[PDB]
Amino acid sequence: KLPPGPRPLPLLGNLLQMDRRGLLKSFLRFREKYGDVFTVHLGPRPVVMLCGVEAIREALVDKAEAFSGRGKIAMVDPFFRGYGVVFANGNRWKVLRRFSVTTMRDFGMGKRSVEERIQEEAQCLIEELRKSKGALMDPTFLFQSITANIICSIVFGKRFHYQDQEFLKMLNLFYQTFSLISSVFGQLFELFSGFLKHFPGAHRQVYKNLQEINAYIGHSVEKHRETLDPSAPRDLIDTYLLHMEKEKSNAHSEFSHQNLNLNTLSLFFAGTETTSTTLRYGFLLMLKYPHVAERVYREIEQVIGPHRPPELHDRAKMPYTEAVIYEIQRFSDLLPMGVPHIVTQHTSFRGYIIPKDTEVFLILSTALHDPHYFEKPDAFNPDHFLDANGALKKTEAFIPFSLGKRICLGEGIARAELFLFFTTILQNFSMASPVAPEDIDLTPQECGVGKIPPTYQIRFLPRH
């Protein structure tokens, strides 16, 4: 039998037992009653929730033969339709995961490492903040520009300038789209898309925004193909175009133009909106807890100094700064319910039977807030990741990128981005804002698929 859960009504599923504050709060109320493994009916679909690091790990690691499927996010399914690595399943996922892992890591002889691309971008960012004259800003656009530019360097062999209005228009579409998908309407759509799709709504705007970004991608593909040198691929798009040409006699080849456009858009969305949202939370946390920002700056002065650019080899020597970044990720809890999975075959789990095709949510938020691993888990406290001697204390509960076959494929890049960009900004700038620390409100602006911080203003003041 499926795991236990609240009794549903036909058509409405468990609607009348949900919490108006959203899906995550609804599921944490059900966890109170049912424990770590339970079923909730989201409209017409039974979805099994797994909570706590033990259960999520038993599923994604111990039973990866069954739990490695990708489930559906209703607000974006109409667009992606199972194309791209994020939303693919089956053999398509195998091929696209392998291609994407290889091309996001290996760039050719004579090409910059991920590290150098981040270090270059971080110097562009510092120059922009110096030219910002200490003015107030919402730093969103810059955190999206630096993260998007790392991916653009890999995918398109170039970066965009921070002043490029056409680049900013695309970043505005990523930002609005992640907010829409995470809205109360987007969560209602997860329950009732069958019915709601026939009316006007945010799902239509999400579709329009994604198509607008994808239009750029399609045109870039067309240009790349026009100038492609098979002997010298310039970037990930050329590499995929050479696979496409190799397999062109197979009508079923997975190297198709829809996979190319949507894999590429998936890489940008996942690599831009994630890390820039974490940076957004990270700097709002530094405004609320300036003594943490001061102690990081102390550590940068002591290990790096005021001038030499941070490098990844510095991390080992900077346990307090790394604890801070771990704690920003833990606290931010970017994807509280992770990204939906589905089971790929009939599975037994803890005495229950989960039929092939059942959707499963791994509630990552419950690991990141497990009070056995993090004392007082609702408070921001970098000591969560430090032992008594101030050495870094890593923990198996720290799973913000998930686990198993679908584990975030950008994990290495994201962690390098968080560390180089956080340290290079704090090396050169301190932070201030009009709101006193006591008054800063960390309550997210949206909390659905994504947890998104409230807008805020910040100044970066040059040091010395």
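Numbers follow the displayed sequence, beginning with 1.
| request: Pick between 322-330 and 188-196: the one whose mean CA B-factor in the entry is higher. | output: Comparing 322-330 with 188-196, the higher mean C-alpha B-factor belongs to 188-196.
| Comparing 279-287 with 375-383, where is the mean C-alpha B-factor higher? | Taking the mean B-factor of the alpha carbons in each, 375-383 is higher.
| Of the residues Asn172, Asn389, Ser179, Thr147, the one carrying the largest Cα B-factor as recorded | Checking the PDB record, the top C-alpha B-factor among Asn172, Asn389, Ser179, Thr147 is at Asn389.
| query | According to the deposited entry, which of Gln123, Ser266, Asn259, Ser348 has the largest Cα B-factor? | reply | By C-alpha B-factor in the record, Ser348 ranks first.
| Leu136 - Cα temperature factor, lowest/middle/highest third of chain | CA B-factor rank for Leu136: lowest third.
| task | Compare the C-alpha B factor of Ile452 with those of the other modelled residues in its chain, then answer lowest, middle or highest third. | result | Its C-alpha B-factor belongs to the lowest third of this chain's values.
| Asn209 - Cα temperature factor, lowest/middle/highest third of chain | It belongs to the lowest third of the chain when residues are ordered by C-alpha B-factor.
| query | With respect to C-alpha B-factor, does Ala251 fall in the lowest, middle or highest third of the chain as deposited? | reply | CA B-factor rank for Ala251: lowest third.
| message | Looking at the temperature factor on the CA atom of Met75, which third of the chain's modelled residues does it land in? | response | Middle third of the chain for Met75's C-alpha B-factor.
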